[PDB]
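Here's the structure we're looking at; comments come further down.
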Amino acid sequence: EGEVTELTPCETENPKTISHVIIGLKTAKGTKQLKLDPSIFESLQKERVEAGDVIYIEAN
Amino acid sequence: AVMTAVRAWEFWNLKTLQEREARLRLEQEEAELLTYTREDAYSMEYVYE
Amino acid sequence: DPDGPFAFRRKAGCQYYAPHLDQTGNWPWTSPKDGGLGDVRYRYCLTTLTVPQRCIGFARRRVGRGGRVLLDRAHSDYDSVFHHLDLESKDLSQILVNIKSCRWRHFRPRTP
Amino acid sequence: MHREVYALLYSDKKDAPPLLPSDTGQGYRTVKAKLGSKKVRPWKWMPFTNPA
Amino acid sequence: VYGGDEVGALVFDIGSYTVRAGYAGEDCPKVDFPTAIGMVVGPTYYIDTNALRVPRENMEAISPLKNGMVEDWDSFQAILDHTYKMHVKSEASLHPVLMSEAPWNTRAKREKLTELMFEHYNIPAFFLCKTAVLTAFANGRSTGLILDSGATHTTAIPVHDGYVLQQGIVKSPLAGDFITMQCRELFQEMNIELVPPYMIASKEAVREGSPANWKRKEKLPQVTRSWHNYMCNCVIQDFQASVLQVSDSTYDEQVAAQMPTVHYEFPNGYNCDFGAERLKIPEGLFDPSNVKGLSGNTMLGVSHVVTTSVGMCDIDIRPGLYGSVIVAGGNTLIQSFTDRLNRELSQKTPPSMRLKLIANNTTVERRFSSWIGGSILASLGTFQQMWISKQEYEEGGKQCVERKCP
Ligand SMILES: Nc1ncnc2c1ncn2[C@@H]1O[C@H](COP(=O)(O)OP(=O)(O)OP(=O)(O)O)[C@@H](O)[C@H]1O
Ligand SMILES: [Mg+2]
């Protein structure tokens, strides 16, 4: 969980193709970048997550 | 071609993530904090129980 | 008799300071574990800030030249653990046990 | 490990820098109104008598 | 009551190697130009690096300081004028001046310096503090043993409560000049022709030990032997800084030979590996009995100078002296000098007293420690009572310095 600071997709050549979705999360303790599975892009737009939005992501 | 490209890409990704971790390590070797808020400096008293 | 050459003889209206025997003396700005006076103005203790809400590690409040109150910081090998430390694996477990027993003085800011 | 640290000038060459207090740390824009609402008091280069 | 007050005072630290000057409150001297100045037969004076490094006919290289004390007051006035006009860019009568002085400065020289500063420069206030006291203050220590190894002398000065214990001062002639002489002798033994960089028009890369393939500058004017010697001393000091290293323990030929060599390239393109000879030279500071100069001499090693200086003080203060050893001076920057000194002192210090060397092994903290302490002292609000005012110099006369400045 944390405040979203970036939602930059990671473009790549397929062996536009994305291989990861980097989400930056900020908390009062600090900031962390997560190399999430690309499929999470559907849920991000479904939830309308934007920079400066507080979110939480369950591991499972 | 897919069989060869998949392995070549997996290696490229391993290399790219290692370079990213190295860049993060370099960024963390740099000083993290140099300033703190005015409220913490004067508007509060530090206590311990 | 053996002491006689340098024997101690109290005199009326006099007071004396006992010599250091158990531990060699040290400067006031040094820990009592190192024979120092351990003067509290030079002591560095774990400190937590309000922004960011993270423990910065060992720190001491010092007034600067223009009256600006500065937080000096001391390096420690466990600095990463102190960064992770808040709200009270082997080294982390020992540190947590020491803090929960309040063996370490860890300051937190509060409004007056 | 050490419970507390003692030093005069600084503890070690690897010591982290001291944290100086400052406003505008979170950006100038957020503190624009606070800084703009006031005006600084005048400072002078003036002679002073030292009774010592 | 509050933080120390800054009254815009100046801090001057005129050493035999470089003249350090600046404004009080700063953490570093704003200027440090070589003390040696060019003189043309008052005589025309060339003082700063920009003027010293260009050849001139019938220009001699001289220094106002002798044995750590000013001898030629004309060159001293010239250096002060140059410092003011070029670097300070402020009127002397507007800023108080705090100057350092040698621990062994004479009364008459102090009086003459005070007279000069007040009559000639018309300064508003003056103060004269010892280099050892300023070095101790720069480290936040009110007491301790200062160990200064400059260009002229290696001196240990015991300081207690901010006062120099003059009876405990022990001085040795082994200093930067001795190391320069040793390097000169080594180059002479190796038949290395010291070509100053001003004589080199162009140079070509050559193999190790190969004869130098360099072109001499044309239309070069005749230069005095003093200026040529000064340039040679400059290149030798560069060699000292770049190559020389103090052995971590008592010098051994086998251990020195086993360690890797260091390669140095001279200005004329000549290059060679200095092998173990780079280690033998700094050992003379620690074991002078082995120096080719005079084996039977009475000079004392730096560690012996340290132990002797403390031994002359009250035993009640020796715990403070050993508990705070402050190393200063440019000659102490030689590699591993601090480590070797610490080892030798720990071996020679009594186990009943704690020995601690302050970790100040950096060029700025070692060379400018006196200036740093002077800036600190001049910036203290409590120090504003110590200033010698012009009115005080008028009423108490030239002798007033004897009582106001301890
Ligand atoms: N990094 C270095 N390595 C070796 N020697 C050095 C280094 N830096 C400076 N020196 C030498 O230090 C010597 C003394 O310089 P320093 O600035 O300490 O003298 P000073 O205090 O002005 O003079 P003095 O005490 O002789 O009156 C010089 O001869 C210089 O060549
Ligand atoms: Mg010196």
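The way I read the labels, and the way they are meant: chains A, B, ... in the order of the structure tokens, residue 1 as the first residue of every chain, and ligand 1 as the first ligand shown, with later ones counted on from there.
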If you count only C-alpha atoms and all ligand atoms, which residues end up within 8 Å of ligand 1, as a PyMOL selection string? chain E and resi 13-20+35+65+67-68+148-154+175-177+180+234+237-238+240-242+244+328-335+363+366-368
Please produce a file of the residues just selected, as a tab-separated table (two decimals), in the first residue's frame, where the atoms kept are N, CA and C atoms.
chain	number	residue	atom	x	y	z
E	13	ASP	N	46.90	34.00	8.90
E	13	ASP	CA	47.79	32.93	9.36
E	13	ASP	C	48.94	32.89	8.36
E	14	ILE	N	50.00	33.64	8.65
E	14	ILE	CA	51.13	33.80	7.76
E	14	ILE	C	52.20	32.79	8.17
E	15	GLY	N	52.25	31.67	7.45
E	15	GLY	CA	53.23	30.64	7.70
E	15	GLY	C	54.42	30.77	6.76
E	16	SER	N	55.43	29.93	7.01
E	16	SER	CA	56.63	29.96	6.19
E	16	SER	C	56.40	29.39	4.80
E	17	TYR	N	55.39	28.55	4.62
E	17	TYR	CA	55.12	27.95	3.32
E	17	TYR	C	54.08	28.73	2.52
E	18	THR	N	52.92	29.00	3.13
E	18	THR	CA	51.86	29.75	2.47
E	18	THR	C	51.21	30.70	3.46
E	19	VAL	N	50.75	31.83	2.95
E	19	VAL	CA	50.06	32.84	3.74
E	19	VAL	C	48.56	32.56	3.65
E	20	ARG	N	47.96	32.16	4.76
E	20	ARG	CA	46.54	31.85	4.82
E	20	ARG	C	45.78	33.03	5.40
E	35	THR	N	54.52	31.90	0.65
E	35	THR	CA	55.16	32.92	1.46
E	35	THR	C	56.39	33.50	0.77
E	65	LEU	N	59.68	35.40	6.71
E	65	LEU	CA	59.75	34.64	7.95
E	65	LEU	C	61.06	33.88	8.04
E	67	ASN	N	62.87	31.02	10.77
E	67	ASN	CA	62.69	30.14	11.93
E	67	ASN	C	61.31	30.32	12.54
E	68	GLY	N	60.30	30.48	11.69
E	68	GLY	CA	58.94	30.68	12.14
E	68	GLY	C	58.61	32.08	12.61
E	148	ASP	N	52.91	19.93	15.35
E	148	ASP	CA	52.96	20.67	14.10
E	148	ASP	C	54.25	20.34	13.37
E	149	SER	N	54.13	19.92	12.11
E	149	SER	CA	55.27	19.61	11.26
E	149	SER	C	55.09	20.42	9.98
E	150	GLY	N	55.59	21.65	10.00
E	150	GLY	CA	55.47	22.53	8.86
E	150	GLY	C	56.64	22.41	7.92
E	151	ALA	N	57.06	23.54	7.34
E	151	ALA	CA	58.23	23.55	6.47
E	151	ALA	C	59.52	23.86	7.22
E	152	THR	N	59.44	24.63	8.31
E	152	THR	CA	60.62	25.08	9.03
E	152	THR	C	60.97	24.20	10.22
E	153	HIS	N	59.99	23.81	11.03
E	153	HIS	CA	60.26	23.03	12.23
E	153	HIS	C	59.14	22.02	12.45
E	154	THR	N	59.49	20.95	13.16
E	154	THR	CA	58.52	20.01	13.72
E	154	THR	C	58.49	20.26	15.22
E	175	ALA	N	61.75	18.82	9.07
E	175	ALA	CA	60.47	19.32	8.60
E	175	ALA	C	60.44	19.19	7.08
E	176	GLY	N	59.52	19.91	6.44
E	176	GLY	CA	59.40	19.83	4.99
E	176	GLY	C	60.68	20.18	4.26
E	177	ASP	N	61.43	21.15	4.79
E	177	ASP	CA	62.69	21.53	4.15
E	177	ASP	C	63.71	20.40	4.20
E	180	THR	N	62.71	17.95	1.57
E	180	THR	CA	63.09	18.49	0.27
E	180	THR	C	64.58	18.30	0.02
E	234	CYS	N	59.82	23.68	-5.53
E	234	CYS	CA	58.41	23.44	-5.82
E	234	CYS	C	58.20	22.08	-6.47
E	237	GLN	N	58.73	19.41	-3.90
E	237	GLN	CA	57.59	19.29	-3.00
E	237	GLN	C	56.43	18.56	-3.67
E	238	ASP	N	56.25	18.77	-4.97
E	238	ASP	CA	55.25	18.00	-5.70
E	238	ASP	C	55.60	16.51	-5.68
E	240	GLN	N	57.35	15.04	-3.34
E	240	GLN	CA	57.13	14.60	-1.97
E	240	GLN	C	55.66	14.26	-1.75
E	241	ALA	N	54.77	15.13	-2.22
E	241	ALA	CA	53.35	14.89	-2.04
E	241	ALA	C	52.87	13.68	-2.82
E	242	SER	N	53.43	13.45	-4.01
E	242	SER	CA	52.90	12.40	-4.87
E	242	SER	C	53.49	11.02	-4.63
E	244	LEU	N	56.23	10.04	-1.85
E	244	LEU	CA	56.74	9.62	-0.55
E	244	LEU	C	55.65	9.01	0.33
E	328	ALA	N	49.08	18.31	13.13
E	328	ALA	CA	48.85	19.39	12.19
E	328	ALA	C	50.12	19.62	11.38
E	329	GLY	N	49.99	20.45	10.36
E	329	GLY	CA	51.11	20.77	9.50
E	329	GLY	C	51.08	19.96	8.22
E	330	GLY	N	51.55	20.58	7.13
E	330	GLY	CA	51.50	19.94	5.83
E	330	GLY	C	52.39	18.71	5.73
E	331	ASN	N	53.52	18.70	6.43
E	331	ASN	CA	54.44	17.57	6.34
E	331	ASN	C	53.84	16.29	6.91
E	332	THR	N	52.76	16.39	7.68
E	332	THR	CA	52.12	15.21	8.24
E	332	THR	C	51.18	14.52	7.25
E	333	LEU	N	50.96	15.11	6.08
E	333	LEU	CA	50.10	14.52	5.07
E	333	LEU	C	50.76	13.36	4.34
E	334	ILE	N	52.07	13.17	4.51
E	334	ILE	CA	52.76	12.03	3.92
E	334	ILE	C	52.01	10.75	4.25
E	335	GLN	N	51.86	9.88	3.25
E	335	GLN	CA	51.07	8.67	3.41
E	335	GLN	C	51.55	7.84	4.59
E	363	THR	N	43.83	17.31	3.94
E	363	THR	CA	44.69	18.45	3.62
E	363	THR	C	44.18	19.74	4.26
E	366	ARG	N	44.47	19.62	8.15
E	366	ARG	CA	45.85	19.60	8.62
E	366	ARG	C	46.58	20.92	8.37
E	367	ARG	N	46.44	21.48	7.17
E	367	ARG	CA	47.19	22.69	6.84
E	367	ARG	C	46.56	23.94	7.43
E	368	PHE	N	45.23	24.02	7.44
E	368	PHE	CA	44.53	25.24	7.82
E	368	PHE	C	43.96	25.20	9.23
Starting from chain B, keep only residues with some atom at most 7 Å from an atom of chain A, counting only C-alpha atoms, and report them as a PDB file with N, CA, C and O atoms, in the first residue's frame.
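The new file part_32.pdb reads:
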ATOM      1  N   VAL B   2      11.257 -18.441 -32.331  1.00  0.00           N
ATOM      2  CA  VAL B   2      10.673 -18.128 -31.030  1.00  0.00           C
ATOM      3  C   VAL B   2      11.482 -18.777 -29.914  1.00  0.00           C
ATOM      4  O   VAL B   2      11.750 -18.154 -28.880  1.00  0.00           O
ATOM      5  N   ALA B   5      14.622 -16.691 -29.545  1.00  0.00           N
ATOM      6  CA  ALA B   5      14.343 -15.323 -29.131  1.00  0.00           C
ATOM      7  C   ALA B   5      13.907 -15.259 -27.677  1.00  0.00           C
ATOM      8  O   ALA B   5      14.219 -14.293 -26.978  1.00  0.00           O
ATOM      9  N   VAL B   6      13.155 -16.258 -27.213  1.00  0.00           N
ATOM     10  CA  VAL B   6      12.714 -16.266 -25.822  1.00  0.00           C
ATOM     11  C   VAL B   6      13.908 -16.293 -24.876  1.00  0.00           C
ATOM     12  O   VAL B   6      13.959 -15.535 -23.899  1.00  0.00           O
ATOM     13  N   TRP B   9      15.797 -12.941 -25.044  1.00  0.00           N
ATOM     14  CA  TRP B   9      15.079 -11.912 -24.306  1.00  0.00           C
ATOM     15  C   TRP B   9      15.207 -12.125 -22.807  1.00  0.00           C
ATOM     16  O   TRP B   9      15.318 -11.156 -22.050  1.00  0.00           O
TER      17      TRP B   9
END
Show me which bits of chain D are within 10 Å of chain E, counting only C-alpha atoms, as a list in words.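 Every residue of chain D that passes the 10 Å test is in residues 8, 9, 12, 13, 45, 47, 50, 51 and 52 of chain D.
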Considering only C-alpha atoms, can you say which of C:54, C:73, C:90, C:84 comes closest to chain D?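 Checking each candidate against chain D, we get C:73 as the closest.
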Please provide as a list in words all residues within 12 Å of residue 32 in chain B, with the sequence filter that same-chain residues fewer than 2 positions apart are discarded (counting only C-alpha atoms).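 Listing them by chain and then by number gives residues 30 and 31 of chain A; 26, 27, 28, 29, 30, 34, 35 and 36 of chain B; 52, 56, 80 and 83 of chain C; 16, 17, 18 and 19 of chain D.
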Would you write out those residues with N, CA, C and O atoms, as a short mmCIF file (atom, residue, chain, number, x, y, z; two decimals), in the first residue's frame?
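Contents of again-v6.cif, freshly written:
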data_model
loop_
_atom_site.label_atom_id
_atom_site.label_comp_id
_atom_site.auth_asym_id
_atom_site.auth_seq_id
_atom_site.Cartn_x
_atom_site.Cartn_y
_atom_site.Cartn_z
N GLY A 30 8.71 5.81 3.32
CA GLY A 30 9.55 5.94 2.14
C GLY A 30 8.84 5.70 0.83
O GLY A 30 7.63 5.91 0.72
N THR A 31 9.59 5.27 -0.19
CA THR A 31 9.06 4.99 -1.51
C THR A 31 9.58 3.65 -2.01
O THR A 31 10.74 3.31 -1.77
N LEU B 26 23.60 2.65 -6.51
CA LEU B 26 24.34 3.90 -6.63
C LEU B 26 23.53 5.08 -6.10
O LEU B 26 24.06 5.97 -5.43
N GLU B 27 22.22 5.10 -6.40
CA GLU B 27 21.36 6.16 -5.90
C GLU B 27 21.23 6.11 -4.39
O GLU B 27 21.06 7.16 -3.75
N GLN B 28 21.31 4.92 -3.80
CA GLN B 28 21.16 4.80 -2.35
C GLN B 28 22.46 5.11 -1.63
O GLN B 28 22.44 5.51 -0.46
N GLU B 29 23.61 4.92 -2.30
CA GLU B 29 24.88 5.30 -1.69
C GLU B 29 24.93 6.80 -1.46
O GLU B 29 25.58 7.27 -0.51
N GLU B 30 24.26 7.57 -2.30
CA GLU B 30 24.15 9.01 -2.13
C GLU B 30 23.34 9.32 -0.87
O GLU B 30 22.50 8.53 -0.44
N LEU B 34 18.91 15.54 4.09
CA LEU B 34 19.71 16.71 4.41
C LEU B 34 18.94 17.80 5.12
O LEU B 34 19.55 18.79 5.54
N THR B 35 17.63 17.66 5.28
CA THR B 35 16.82 18.71 5.88
C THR B 35 15.60 18.08 6.54
O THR B 35 15.14 17.02 6.14
N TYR B 36 15.08 18.76 7.57
CA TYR B 36 13.87 18.33 8.26
C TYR B 36 13.02 19.55 8.55
O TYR B 36 13.49 20.69 8.54
N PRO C 52 10.15 12.60 7.25
CA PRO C 52 9.30 11.42 7.03
C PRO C 52 9.07 10.64 8.31
O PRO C 52 9.90 10.68 9.22
N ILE C 56 15.52 8.10 12.00
CA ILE C 56 16.74 8.51 11.31
C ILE C 56 17.99 7.88 11.89
O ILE C 56 19.08 8.09 11.34
N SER C 80 20.48 0.61 8.57
CA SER C 80 19.32 0.12 7.82
C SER C 80 18.25 -0.42 8.76
O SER C 80 17.05 -0.19 8.55
N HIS C 83 16.48 2.44 10.20
CA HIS C 83 15.53 2.99 9.24
C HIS C 83 14.25 2.16 9.23
O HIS C 83 13.15 2.71 9.16
N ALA D 16 26.57 10.51 8.89
CA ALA D 16 25.62 11.18 8.04
C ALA D 16 25.62 12.67 8.34
O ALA D 16 25.92 13.09 9.46
N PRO D 17 25.29 13.50 7.35
CA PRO D 17 25.29 14.94 7.58
C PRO D 17 24.21 15.34 8.57
O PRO D 17 23.20 14.64 8.71
N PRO D 18 24.39 16.45 9.28
CA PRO D 18 23.33 16.93 10.16
C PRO D 18 22.14 17.41 9.36
O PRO D 18 22.27 17.88 8.23
N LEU D 19 20.95 17.29 9.94
CA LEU D 19 19.74 17.75 9.29
C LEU D 19 19.48 19.21 9.68
O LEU D 19 19.23 19.51 10.85
#
Please indicate the distance in Å from CA of residue 188 in chain E to CA of residue 243 in chain E, rounded to one decimal place.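 So the two atoms, CA of residue 188 in chain E and CA of residue 243 in chain E, lie 17.0 Å apart.
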With 9 Å as the limit and counting only C-alpha atoms, what residues in chain A lie close to chain C? Please list them as a list in words.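 Per the criterion, chain A yields residues 27, 28, 29 and 30 of chain A.
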Would you save the residues from that selection as a short mmCIF file (atom, residue, chain, number, x, y, z; two decimals), in the first residue's frame, using N, CA and C atoms?
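Written file, result_28.cif:
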data_model
loop_
_atom_site.label_atom_id
_atom_site.label_comp_id
_atom_site.auth_asym_id
_atom_site.auth_seq_id
_atom_site.Cartn_x
_atom_site.Cartn_y
_atom_site.Cartn_z
N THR A 27 4.93 6.02 0.98
CA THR A 27 4.36 6.08 2.31
C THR A 27 5.18 7.04 3.15
N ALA A 28 4.68 7.31 4.36
CA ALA A 28 5.41 8.20 5.27
C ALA A 28 6.79 7.66 5.58
N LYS A 29 6.98 6.35 5.51
CA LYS A 29 8.29 5.76 5.73
C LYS A 29 9.22 5.97 4.54
N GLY A 30 8.71 5.81 3.32
CA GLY A 30 9.55 5.94 2.14
C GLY A 30 8.84 5.70 0.83
#
Please determine the contact residues of chain C with respect to chain B at a cut-off of 7 Å, counting only C-alpha atoms, and supply them as a PyMOL selection string. chain C and resi 49-51+69+105-112
Do me a favour and pick out the residues of chain C within 9 Å of chain E, using only C-alpha atoms, as a VMD selection string. chain C and resid 24 to 27 63 to 67
To one decimal place in Å, what is the distance between CA of residue 186 in chain E and CA of residue 235 in chain E?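 Atom-to-atom, CA of residue 186 in chain E and CA of residue 235 in chain E are spaced 13.9 Å apart.
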Taking only C-alpha atoms into account, what are the residues of chain D at most 12 Å from chain B, put as a list in words?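 Result, ordered by chain then number: residues 14, 15, 16, 17, 18, 19, 20, 21, 22, 23, 24, 25, 26 and 27 of chain D.
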Take the residues just selected and output them with N, CA, C and O atoms as a CSV table (one decimal), in the first residue's frame.
chain,number,residue,atom,x,y,z
D,14,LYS,N,32.4,8.4,8.4
D,14,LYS,CA,31.2,8.0,7.7
D,14,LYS,C,29.9,8.5,8.3
D,14,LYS,O,28.8,8.1,7.8
D,15,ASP,N,30.0,9.5,9.2
D,15,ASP,CA,28.8,10.1,9.8
D,15,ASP,C,27.9,10.7,8.7
D,15,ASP,O,28.4,11.3,7.8
D,16,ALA,N,26.6,10.5,8.9
D,16,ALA,CA,25.6,11.2,8.0
D,16,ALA,C,25.6,12.7,8.3
D,16,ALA,O,25.9,13.1,9.5
D,17,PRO,N,25.3,13.5,7.4
D,17,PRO,CA,25.3,14.9,7.6
D,17,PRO,C,24.2,15.3,8.6
D,17,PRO,O,23.2,14.6,8.7
D,18,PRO,N,24.4,16.5,9.3
D,18,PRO,CA,23.3,16.9,10.2
D,18,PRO,C,22.1,17.4,9.4
D,18,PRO,O,22.3,17.9,8.2
D,19,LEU,N,21.0,17.3,9.9
D,19,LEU,CA,19.7,17.8,9.3
D,19,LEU,C,19.5,19.2,9.7
D,19,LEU,O,19.2,19.5,10.8
D,20,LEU,N,19.5,20.1,8.7
D,20,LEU,CA,19.2,21.5,9.0
D,20,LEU,C,17.7,21.7,8.8
D,20,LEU,O,17.1,21.1,8.0
D,21,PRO,N,17.2,22.6,9.6
D,21,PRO,CA,15.7,22.9,9.5
D,21,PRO,C,15.6,23.9,8.3
D,21,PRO,O,16.4,24.8,8.2
D,22,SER,N,14.5,23.7,7.5
D,22,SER,CA,14.2,24.7,6.5
D,22,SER,C,12.7,24.6,6.1
D,22,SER,O,12.2,23.5,6.1
D,23,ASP,N,12.1,25.7,5.8
D,23,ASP,CA,10.8,25.8,5.1
D,23,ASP,C,11.0,25.5,3.6
D,23,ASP,O,12.2,25.4,3.2
D,24,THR,N,9.9,25.5,2.9
D,24,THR,CA,10.0,25.3,1.4
D,24,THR,C,10.5,23.9,1.1
D,24,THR,O,10.6,23.6,-0.1
D,25,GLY,N,10.8,23.1,2.1
D,25,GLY,CA,11.4,21.8,1.8
D,25,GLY,C,10.4,20.9,1.0
D,25,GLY,O,10.9,20.1,0.1
D,26,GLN,N,9.1,21.0,1.2
D,26,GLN,CA,8.1,20.3,0.4
D,26,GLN,C,7.7,21.0,-0.9
D,26,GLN,O,6.8,20.6,-1.5
D,27,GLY,N,8.5,22.0,-1.3
D,27,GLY,CA,8.2,22.8,-2.5
D,27,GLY,C,7.8,24.2,-2.1
D,27,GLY,O,7.2,24.4,-1.0
Could you go through chain D and tell me which residues DSSP, when run on the backbone, assigns to helix (DSSP H, G or I), listing them as a list in words?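 Matching residues, listed in order: residues 29, 30, 31, 32, 33, 34, 35, 36 and 37 of chain D.
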Please identify which residues in range 90-196 of chain E DSSP calls strand (DSSP E or B) from the backbone, and express them as a VMD selection string. chain E and resid 97 to 101 125 to 130 144 to 149 154 to 160 163 to 164 170 to 172
Within 6 Å of chain D, which residues belong to chain C? Use only C-alpha atoms and report them as a list in words.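 That gives the following set of residues: residues 29, 30, 31, 42, 43, 44, 45, 70, 71, 72, 73, 74, 75 and 104 of chain C.
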Measure the distance from CA of residue 39 in chain E to CA of residue 64 in chain E in Å and round it to one decimal.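 For CA of residue 39 in chain E relative to CA of residue 64 in chain E, the distance reads 11.2 Å.
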Skip residue 147 in chain E itself and residues of its chain fewer than 2 positions away, then list as a PyMOL selection string all residues within 12 Å of it, counting only C-alpha atoms. chain E and resi 103+131-133+135-136+144-145+149-150+153-159+169-172+175+302-310+321-322+324-332+338+341+357-358+366+369-370
Nearest residue to ligand 2 out of E:343, E:225, E:130, E:207, using only C-alpha atoms and all ligand atoms?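 For ligand 2, the nearest of the candidates is E:130.
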